[PDB]
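Notes follow once the structure below has been shown.
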Amino acid sequence: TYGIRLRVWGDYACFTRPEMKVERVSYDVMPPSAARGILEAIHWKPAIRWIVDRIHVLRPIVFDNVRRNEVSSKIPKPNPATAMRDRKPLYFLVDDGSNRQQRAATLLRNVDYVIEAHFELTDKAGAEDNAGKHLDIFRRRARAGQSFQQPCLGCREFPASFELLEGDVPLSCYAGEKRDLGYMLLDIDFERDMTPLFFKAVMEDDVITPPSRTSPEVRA
Amino acid sequence: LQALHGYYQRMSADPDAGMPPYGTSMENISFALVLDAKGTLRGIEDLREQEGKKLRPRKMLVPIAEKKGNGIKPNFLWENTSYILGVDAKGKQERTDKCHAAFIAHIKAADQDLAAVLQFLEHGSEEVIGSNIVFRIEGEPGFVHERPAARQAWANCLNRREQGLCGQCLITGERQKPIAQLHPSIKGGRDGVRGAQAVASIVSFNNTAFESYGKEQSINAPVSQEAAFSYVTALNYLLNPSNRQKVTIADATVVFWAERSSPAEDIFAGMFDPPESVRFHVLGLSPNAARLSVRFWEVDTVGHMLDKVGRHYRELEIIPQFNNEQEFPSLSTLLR
Amino acid sequence: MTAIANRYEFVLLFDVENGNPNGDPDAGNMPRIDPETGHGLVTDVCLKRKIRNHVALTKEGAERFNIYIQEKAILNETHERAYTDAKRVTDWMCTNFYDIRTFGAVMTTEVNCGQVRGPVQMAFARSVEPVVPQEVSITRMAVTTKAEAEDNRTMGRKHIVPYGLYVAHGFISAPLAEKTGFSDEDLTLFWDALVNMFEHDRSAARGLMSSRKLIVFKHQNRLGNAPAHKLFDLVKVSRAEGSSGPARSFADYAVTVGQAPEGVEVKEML
Amino acid sequence: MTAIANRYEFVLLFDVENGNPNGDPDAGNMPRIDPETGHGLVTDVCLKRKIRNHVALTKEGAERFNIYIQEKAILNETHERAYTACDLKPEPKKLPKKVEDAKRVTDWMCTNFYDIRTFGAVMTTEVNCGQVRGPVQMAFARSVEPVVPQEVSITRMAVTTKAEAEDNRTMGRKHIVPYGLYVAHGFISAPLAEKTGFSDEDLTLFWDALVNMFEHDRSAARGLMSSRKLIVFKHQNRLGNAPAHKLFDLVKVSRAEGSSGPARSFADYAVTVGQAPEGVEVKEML
């Protein structure tokens with residue numbers, strides 16, 4: 008009918024929980040926002056929207072730990088005029104004193120998913136725009152393995168391999184189980200000055216069905 | 003973790019469990035001052051106890067304390083000498099004077119007891144210096160802070176402070192809840208997480224590199240205030256050595272809970288001398361400089377660690393020489 | 001502003017001998033190892049640091065090749081600025113800082129959401145087969161503090181890897197370069213940097229390290245022409261026939277490359 | 001102290017016979033070895049000590065030729081001298097603010113300690129004075145062929161401390181290597197030298213120390229050890245003209261065709277040197 012099925016897999020992933028951000032700890036499964044992010048990496052234009060419907064989990068859950076050195080603060084805005092009119096060096100000194108910060112992390116070690124989604128028309132879209140055209144472009148790109156940029160599993164240093172499906176969903180580890188996860192992030196409202204939203208997540212038969220993030224009652 | 007919130011909510015329903023009521027916490031106190039109803043000080047009660055090794059203060063249930071940065075925040079009714087006596091060993095007297103002024107000012111927000123203590127404040140051994148003290152009326156049972164009127168005033172102050180912004184609580188998922196701008200601290204050191212700073216926290220956003228979407232401070236992650244208080248108090252309670260639900264392994268301190276704990280407590284020998349309610353949540357965390365990190369997290373039953381120990385022992389199997397030997401030697405014996 | 005016209009991918013191989021390629025902050029200073037396979041592991045930020053350092057050492061502050069993030073290798077010399101509505105400032109600083117132009121950055125003040133992403137990306141590196149580190153004990157003739165004077173001596177420890185071979189992957193995105201001005205001369209400099217990273221990195225802990233091979237795939241289209249993960253399969257590495265027991269030199273392996281599809285070209289800088 | 005202006009690399013060979021080249025603090029006192037293959041090892045830290053000793057012996061405390069890691073010294077006291085000389089107060093675990101730049105004390109130390117100037121040091125202790133990286137580096141040495149250490153048992157006819165249980173005997177044991185041959189690598193960089201003033205006369209002294217190192221190190225445990233070969237590659241410009249691993253490949257060691265069975269003297273091996281690229285010159289007579 009409409010909508011697409013896409014498969015993705017990799018060796019590392021990290022979907023940090025909002026409340027344990029400084030010491031990264033990952034969710035048990037990819038939240039809808041990451042799925043939103045990945046799809047836009049293949050094809051997206053201002054005239055359309057992505058709508059996520061389902062996710063399939065095909066592997067067991069595993070964890071591992073890693074620690075790294077990091078930086079404490081961002082860089083400030085310069086003034087080009089004065090900067091050149093008197094030669095002055097600009098830089099950030101990583102090794103100096105408190106600038107160095109060490110952060111631990113815990114992350115998943117083997118993943119695989121299937122995503123179900125469909126398009127929708129943005130208000131600013133031109134009259135000539137049709138969802139089917141963009142969908143066909145998307146299918147072409149996916150088959151050819153072409154993309155605007157390499158997808159990632161939450162962090163740029165975690166590349167993701169992907170494929171397009173033309174068949175039925177294979178069985179999965181927890182196909183015969185029901186498991187609870189509690190509340191988790193749904194999406195961010197940019198209109199309401201970047202305000203987040205939440206929903207209750209329950210995994211059963213390795214499939215998840217979040218409510219529609221555009222629905223006004225969800226915004227409440 | 004919402005598990006801690008649920009555990010607190012459940013166990014606080016038991017009157018004798020020892021859960022501090024809302025808005026109160028257990029602290030260290032050393033002395034108590036006795037003054038007559040007329041506002042004149044006479045009599046000092048020292049509640050410190052000799053623990054064999056040293057003379058150390060005693061645990062008392064009192065209104066919660068503020069997280070004092072460099073700024074001056076006055077505690078409600080119990081404080082150290084600097085705020086109360088306007089004296090200290092820090093040399094900078096004006097700081098002490100400002101602390102004393104703020105302390106007296108906070109009180110005013116009709117009771118004869120508080121009237122008397124106010125009267126004494128018109129003027130306000141050495142061991143009292145730097146310790147925590149409480150007030151008692153001459154020949155009066157309990158303490159002034161325990162009187163119902165004081166509790167009403169404290170509730171009024173809490174209502175005053177909890178106002179303004181509202182949002183969705185992530186732990187509960189409810190809407191329009193006041194959001195906490197700061198979280199209460201957690202005890203570290205001897206009687207808390209071992210090796211950490213005196214006061215540590217799980218959530219903190221002190222540096223710009225850790226912020227996003229233009230948010231700041233704790234507002235970077237919304238949680239209702241009472242919910243924040245609950246799990247913090249529960250975690251502090253579990254850390255108490257008096258309750259046998261804590262154990263130290265390697266670098267990480269381990270805490271566990273169920274409706275019963277005697278068998279899991281035997282994991283003490285699991286390393287020291289190797290051989348309706350939720351069952352055996354296990355949490356192990358390790359300390360950073362001033363903040364805490366989660367090492368591992370399990371909810372399995374039995375408590376079995378045979379995965380490594382079982383392999384470790386089965387690798388060591390050998391038939392004995394005598395018939396009176398023991399199958400499971402301790403690491404101490406092997407090393408020796 | 002001009003930018004590269006084709007998508008790119010590459011693979012790099014390098015080895016270490018009696019050294020510690022990357023220490024672990026969490027376990028003393030053991031070299032990192034993956035508990036699942038016993039294979040070695042190296043993080044990318046280390047490689048990025050090395051590239052930054054090499055460029056800084058080589059160019060010596062040419063007009064459009066300053067480096068912003070430093071680690072106390074800074075030096076005092078006359079700088080240059082080419083001149084270039102916050103977009104004005106962004107372009108001005110992008111036009112004369114190489115690392116910003118290549119990797120991107122995040123800035124203290126901004127409007128809503130806007131990202132300086134940069135077209136280059138790369139992932140972790142892992143060994144081809146299991147490795148086993150070793151422990152070493154050492155001594156010293158003296159002590160530091162006066163308090164510990166009670171005649172004077174102390175110990176220490178070291179960790180090393182006998183031998184190991186590592187592999188890395190990376191990607192380059194033309195459309196992103198079209199938003200930052202990453203051009204061809206930059207790409208040539210990048211190849212040179214990758215080739216010559218380790219020559220300036222000698223220290224007391226790293227021993228001897230060197231790069232061995234470098235394969236580059238060049239796509240025909242502005243976007244791709246074939247799936248990436250399949251291309252990485254063409255490269256194959258296996259132990260030579262005469263080799264037996266633990267590997268101890270590059271001569272113990274044989275590396276071969278297949279034939280790529282029509283739309284992509286395969287090149288060998290090493 | 002004008003710095004050198006080229007990149008250098010070198011190779012060294014040395015022998016051992018009925019001795020223990022470098023003992024292991026953990027496994028009793030067994031010589032260090034690789035458990036997987038049985039090849040011998042020697043920590044680079046061991047050699048630098050010998051070079052330091054040779055310099056101290058030959059120069060005898062001449063000005064600007066002191067050594068920083070001296071026998072049973074207290075380092076913090078030495079750091080405090082720099083503050084005294086430059087005449088500014090120290091601070092606990094901190095460096096002076098740049099009003100009197102810490103470069104003053106840094107130069108004052110680099111100027112008059114040879115080993116700091118050559119190898120660098122870590123000096124951020126309670127009395128802080130910064131860090132140095134050192135323009136000279138070298139790696140672990142390894143033997144060409146596996147070695148077979150063997151153990152010896154001995155006796156003494158005296159006792160030390162009131163062994164009343166006996171006035172009687174006592175025994176001990178020692179370990180040795182029948183014979184072995186070792187190889188080593190090293191590097192020198194110009195950019196780092198320019199930060200410390202490592203000059204040419206220092207380089208000549210360094211060559212001499214390498215050549216004459218072992219002749220002053222006799223002891224009851226080392227047996228007989230000596231150096232045999234030394235090859236130096238010199239680049240023609242400030243930055244090299246070829247990868248290092250290619251150069252080291254030009255030197256090959258193999259057993260003499262006539263020798264058979266275990267090796268027992270340097271005559272059982274053969275050494276050969278290849279032809280270097282255009283941009284490098286090979287000098288050997290050392």
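Respectively, the protein sequence lines represent chains A, I, B and C.
Residue numbering for the first sequence follows the entry's author numbering, starting at 8 and increasing by one per position.
Letter by letter, the second sequence follows residues 3 to 111, 116 to 130, 140 to 290, 348 to 408 in the entry's author numbering.
Letter by letter, the third sequence follows residues 1 to 84, 101 to 166, 171 to 290 in the entry's author numbering.
Letter by letter, the fourth sequence follows residues 1 to 166, 171 to 290 in the entry's author numbering.
Cβ atoms here follow ideal geometry from the backbone N, Cα and C, with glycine treated the same way.
- Within chain B, no C-beta atom comes nearer than 7 angstroms to that of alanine 3(C); the closest sits roughly 14 angstroms away.
- In the same chain as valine 148(C), and ignoring 5 residues on each side of it, no C-beta atom comes closer than 6 angstroms to its own.
- Beta-bridge analysis with DSSP links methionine 138(B) to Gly190(B).
- Annotation for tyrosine 8(C): the continuous beta strand (DSSP E) segment containing it runs 8-19.
- A Cβ of chain A is located within less than 8 angstroms of the beta carbon of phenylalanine 140(B).
- Spanning the alpha carbons of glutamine 137(C) and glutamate 397(I) requires a straight line of approximately 56 angstroms.
- Per DSSP, the continuous alpha helix (DSSP H) segment holding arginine 49(B) begins and ends at 44-59.
- Judged by pairs of C-beta atoms under 8 angstroms, the stretch 208-225 of chain I touches the stretch 361-370 of chain I, as three or more such pairs exist.
- The residue among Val101(A), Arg12(A) and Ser154(A) with its C-alpha nearest the C-alpha of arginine 61(A) is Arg12(A).
- Put simply, the backbone Cα of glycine 130(B) is about 31 angstroms away from that of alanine 208(A).
- Residues of chain B whose Cβ lies closer than 7 angstroms to the Cβ of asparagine 76(C) are, in chain order, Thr160, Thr161 and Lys162.
- At a cut-off of 8 angstroms, the C-beta of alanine 20(A) has no neighbouring C-beta in chain B.
- Taking a contact as a CB-CB distance under 8 angstroms, the pair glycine 152(A) and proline 247(B) counts as one, their CB atoms being some 4 angstroms apart.
- Positions of the alpha helix (DSSP H) runs, each at least 4 residues long and wholly inside the stretch 39-100 of chain A, are given as 39-47 and 87-92 in order along the chain.
- Using a C-beta cut-off of 8 angstroms, the stretch 203-215 of chain B makes no contact with the stretch 67-78 of chain B, since fewer than three inter-stretch Cβ pairs fall below that distance.
- With contacts defined by Cβ atoms closer than 8 angstroms, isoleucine 235(C) and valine 284(C) do not form a contacting pair.
- Residue burial is scored here from C-beta neighbours: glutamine 393(I) has fewer than 16 other C-beta atoms within 10 angstroms and is therefore classed as exposed.
- At a cut-off of 8 angstroms, the C-beta of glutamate 100(C) has no neighbouring C-beta in chain B.
- Distance from the CA atom of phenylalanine 150(I) to the CA atom of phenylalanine 33(I), rounded to whole angstroms, is 9 angstroms.
- Contacts with chain B at 8 angstroms (Cβ-Cβ) include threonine 43(C).
- Under DSSP, the beta-bridge partners assigned to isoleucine 154(C) are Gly176(C).
- If one requires a minimum length of 4 residues, the alpha helix (DSSP H) runs lying completely within the stretch 180-264 of chain B are 194-197, 204-215 and 248-254, in chain order.
- Nearest neighbour of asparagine 77(I) by Cα position, chosen from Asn222(I), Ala91(I), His160(I) and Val350(I), turns out to be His160(I).
- Selection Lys238(B), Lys48(B) and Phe218(B) evaluated against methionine 229(B) yields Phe218(B) as nearest (Cα-Cα).
- Annotation for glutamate 389(I): no residue places its beta carbon closer than 6 angstroms to its own, counting only its chain and skipping 5 residues before and after.
- The CB of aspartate 26(B) comes closer than 7 angstroms to the CB of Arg74 in chain A, given here in chain order.
- The alpha-carbon of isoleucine 116(C) is positioned some 6 angstroms away from that of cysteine 110(C).
- In the displayed model, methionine 13(I) falls within a helix according to three-state DSSP.
- Using a Cβ-Cβ cut-off of 7 angstroms, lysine 28(A) is close to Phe225 of chain I, given in chain order.
- Within the stretch 29-55 of chain I, the complete beta strand (DSSP E) segments at least 3 residues long are 33-37 and 43-48, listed from N- to C-terminus.
- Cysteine 181(I) is classed as exposed because its beta carbon has fewer than 16 other beta carbons within 10 Å across all chains shown.
- Below the 7 angstroms Cβ cutoff, chain I contributes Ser365 as neighbours of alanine 111(A), in chain order.
- Exclusion of the five residues before and after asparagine 29(C) leaves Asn20, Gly23, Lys178 and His179 as the residues of its chain whose Cβ lies within less than 8 angstroms of its Cβ.
- At a cut-off of 8 angstroms between C-beta atoms, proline 217(A) does not count as an interface residue with respect to chain I.
- Unbroken alpha helix (DSSP H) stretches of 4 residues or longer found wholly inside the stretch 130-157 of chain A: 138-151, given in chain order.
- Beta-carbon to beta-carbon, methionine 175(C) and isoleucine 154(C) are separated by about 7 angstroms, close enough to satisfy the 8 angstroms threshold.
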